[PDB]
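Participant: Pasting final.tsv here (TSV, N, CA and C atoms):
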```tsv
chain	number	residue	atom	x	y	z
Q	1	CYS	N	39.57	99.82	-190.18
Q	1	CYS	CA	38.93	98.70	-189.50
Q	1	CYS	C	38.25	99.17	-188.21
Q	2	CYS	N	37.72	98.22	-187.45
Q	2	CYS	CA	37.04	98.53	-186.20
Q	2	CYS	C	37.97	99.29	-185.25
Q	3	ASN	N	37.41	100.28	-184.56
Q	3	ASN	CA	38.18	101.09	-183.62
Q	3	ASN	C	38.09	100.52	-182.21
Q	4	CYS	N	39.25	100.17	-181.65
Q	4	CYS	CA	39.30	99.62	-180.30
Q	4	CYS	C	38.72	100.60	-179.28
Q	5	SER	N	38.94	101.88	-179.52
Q	5	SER	CA	38.45	102.92	-178.62
Q	5	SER	C	36.94	102.78	-178.40
Q	6	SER	N	36.22	102.52	-179.49
Q	6	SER	CA	34.77	102.36	-179.42
Q	6	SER	C	34.39	101.28	-178.41
Q	7	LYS	N	33.30	101.51	-177.68
Q	7	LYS	CA	32.83	100.56	-176.69
Q	7	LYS	C	32.00	99.45	-177.34
Q	8	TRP	N	31.13	99.84	-178.26
Q	8	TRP	CA	30.28	98.89	-178.96
Q	8	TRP	C	31.08	98.11	-180.01
Q	9	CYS	N	32.01	98.80	-180.66
Q	9	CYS	CA	32.84	98.17	-181.68
Q	9	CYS	C	33.68	97.05	-181.09
Q	10	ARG	N	34.14	97.25	-179.85
Q	10	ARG	CA	34.96	96.25	-179.17
Q	10	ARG	C	34.08	95.20	-178.49
Q	11	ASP	N	32.90	95.62	-178.04
Q	11	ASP	CA	31.97	94.72	-177.37
Q	11	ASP	C	31.41	93.69	-178.35
Q	12	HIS	N	31.26	94.10	-179.61
Q	12	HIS	CA	30.73	93.22	-180.64
Q	12	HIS	C	31.86	92.67	-181.51
Q	13	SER	N	32.80	93.53	-181.87
Q	13	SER	CA	33.93	93.13	-182.70
Q	13	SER	C	35.22	93.09	-181.88
Q	14	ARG	N	36.22	92.40	-182.41
Q	14	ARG	CA	37.51	92.28	-181.73
Q	14	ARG	C	38.44	93.43	-182.12
Q	15	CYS	N	39.38	93.74	-181.24
Q	15	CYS	CA	40.33	94.82	-181.49
Q	15	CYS	C	41.28	94.46	-182.63
Q	16	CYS	N	41.59	95.45	-183.46
Q	16	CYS	CA	42.48	95.24	-184.60
Q	16	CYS	C	43.91	94.97	-184.12
```
What would you get if you wrote out this structure as structure tokens?

Facilitator:
Amino acid sequence: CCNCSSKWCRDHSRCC
């Protein structure tokens, strides 16, 4: 799933 570490992944998607 989306990686919380990522800045864009968290900025657009929510942390797993």

Participant: Pick out each residue of chain Q that DSSP on the backbone tags as helix (DSSP H, G or I); I need them as an MDAnalysis selection string.

Facilitator: chainID Q and resid 7:12

Participant: Got a sec: who's within 8 Å of residue 3 (chain Q), counting only C-alpha atoms, leaving out chain neighbours fewer than 5 positions off, as a ChimeraX atom specification?

Facilitator: /Q:9-10,15-16

Participant: Write out as AutoDock Vina command-line options an axis-aligned box for chain Q: all of its atoms listed in the file, 5 Å added on each side, centre and edge lengths in Å with one decimal.

Facilitator:
```
--center_x 37.1 --center_y 97.6 --center_z -183.4 --size_x 23.6 --size_y 20.6 --size_z 23.5
```

Participant: For residue 13 (chain Q), please output as an mmCIF file with N, CA and C atoms, in the frame of the given file all residues within 8 Å (counting only N, CA and C atoms; exclusion window: fewer than 5 positions along the same chain).

Facilitator:
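Wrote part.cif, looks like this:
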```
data_model
loop_
_atom_site.group_PDB
_atom_site.id
_atom_site.type_symbol
_atom_site.label_atom_id
_atom_site.label_comp_id
_atom_site.auth_asym_id
_atom_site.auth_seq_id
_atom_site.Cartn_x
_atom_site.Cartn_y
_atom_site.Cartn_z
ATOM 1 N N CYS Q 2 37.720 98.220 -187.450
ATOM 2 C CA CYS Q 2 37.040 98.530 -186.200
ATOM 3 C C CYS Q 2 37.970 99.290 -185.250
ATOM 4 N N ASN Q 3 37.410 100.280 -184.560
ATOM 5 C CA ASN Q 3 38.180 101.090 -183.620
ATOM 6 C C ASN Q 3 38.090 100.520 -182.210
ATOM 7 N N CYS Q 4 39.250 100.170 -181.650
ATOM 8 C CA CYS Q 4 39.300 99.620 -180.300
ATOM 9 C C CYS Q 4 38.720 100.600 -179.280
ATOM 10 N N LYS Q 7 33.300 101.510 -177.680
ATOM 11 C CA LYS Q 7 32.830 100.560 -176.690
ATOM 12 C C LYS Q 7 32.000 99.450 -177.340
ATOM 13 N N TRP Q 8 31.130 99.840 -178.260
ATOM 14 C CA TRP Q 8 30.280 98.890 -178.960
ATOM 15 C C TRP Q 8 31.080 98.110 -180.010
#
```
